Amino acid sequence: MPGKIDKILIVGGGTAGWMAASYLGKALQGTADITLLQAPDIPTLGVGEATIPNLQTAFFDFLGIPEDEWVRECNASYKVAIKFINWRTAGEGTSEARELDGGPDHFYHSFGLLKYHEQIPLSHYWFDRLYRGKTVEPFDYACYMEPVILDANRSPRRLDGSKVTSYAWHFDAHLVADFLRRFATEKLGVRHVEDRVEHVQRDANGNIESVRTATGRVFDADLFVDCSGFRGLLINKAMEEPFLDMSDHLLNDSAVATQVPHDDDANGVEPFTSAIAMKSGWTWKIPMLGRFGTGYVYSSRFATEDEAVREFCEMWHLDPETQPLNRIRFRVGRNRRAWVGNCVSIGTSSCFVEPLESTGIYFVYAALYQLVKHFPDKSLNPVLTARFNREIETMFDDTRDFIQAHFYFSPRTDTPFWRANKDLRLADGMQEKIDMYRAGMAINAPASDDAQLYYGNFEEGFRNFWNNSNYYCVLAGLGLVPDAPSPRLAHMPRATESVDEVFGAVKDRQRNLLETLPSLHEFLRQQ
């Protein structure tokens, strides 16, 4: 029997750095010696992270950390949707929803899954009626309860603590990474070393022998986890593994972000991340406690850093000359392979796409999950590495495609940027998915419509990650709809007649919860 993996080195102590340590530390407790190694750096401003409900179940639960413990520690707010503002109307970068067809220009992509009615998703019925002029209501307000209580800043949890929807979290990623550093080093015995990588020594098979620091210390391991971010000091720099840039699908590659103090007592707290459309990109808003993180993700090919700073500053009425700002140049795309030899890449050293669908932290634990699932012994079975790499690239490429579709099907033509997004090509696979949608099909419909079984079983919320609910939210929201209704509904007349009962169940639940839910401000006050 071959040697198990004894000693692990994680280069990088960012957010992915410490998540890899917590997760690996608890998954190999007592059977592996983990040492993390991270260097002194200029900290960035806490500009915020938006997340996805399985952060609790796939990650914190695995560690053994109760949701209320880490939420209280890192002062996190609650997230129920992403509110997409101004993607359908022309004009300047404003925090104000423009006017489109009577009401404001927004749509909600909310957590949870559409209700099935006689083995067909609610979306199909909605569109059937929309197409035959029996409704004019937007997909989101017809099929989801969420858009109504969200308009009113209601809490996802009642005052007593009961949960009325699927939600995720907003937080300063720094504070969470600090939480996980304390946990990993204190309760899981991960060894923290503060030092700078100086030289990496490779053996004859091109694997990592040892990494040596600036103070002359040498560390050696069985498995090296590269969590160094965009630098890819192990996977790219030492291992010479190519990073596949992917700006043939994503135009954005830069950001300018800050943190803005906010009066919660006066305006309450928003139970959603806001994706606000600009002239050469979009802008995030991530509500926190008395704070909100915000960042303008732009394309450097359509706006200079100067233009992006004053566009971003004007919309928030901030002083360009005195507001602390971070200016980032992103590495958009992924490694050709995430794992080569004894080097495994976790976090932005592996891949990266703009945070339009809150996939930042997801990629890290989804990958850490995948790494444990496909875990090696000292023989480093190539089958294990191959399949691991395959899950990581379909995970990444799928999301790259989904996010591109946010720009591709925007009606806007008002700036060179919005018109430029229309000249791009969708991947062959995203292209096949639109054809399906126009044919009146569901795309990757969930196995079940049970919101809990989906976020709860991570093996299920991975294989089927971007499901039919999400595609309709974003595509029907942008205003792209099927050529004609789902051919099946013309053959299911019991079902189309009996559907307005379910359309009325969401209407009843919107109305009851609108007047039976504390403001998210009130709920947070209690916590």
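One-based numbering along the sequence shown.
The stretch with the higher mean CA B factor, choosing between 160-168 and 219-227, is 160-168.
When the C-alpha B-factors of 68-76 and 436-444 are averaged, 68-76 comes out higher. In this structure the maximum Cα B-factor among 499, 58, 32, 36 is found at 499.
Which of 411, 133, 293, 281 has the largest Cα B-factor in the deposited entry comes down to 133. Ranked against the other modelled residues of its chain, the C-alpha B-factor of residue 487 as given in the entry falls in the middle third. Among the modelled residues of the chain, residue 376 sits in the middle third by CA temperature factor in this PDB entry. Among the modelled residues of its chain, residue 481 has a C-alpha B-factor that falls in the middle third, as given in the PDB entry. The PDB entry assigns residue 352 a C-alpha temperature factor belonging to the lowest third of its chain's modelled residues. In the deposited entry, the Cα temperature factor of residue 299 sits in the bottom third of values across the chain's modelled residues.
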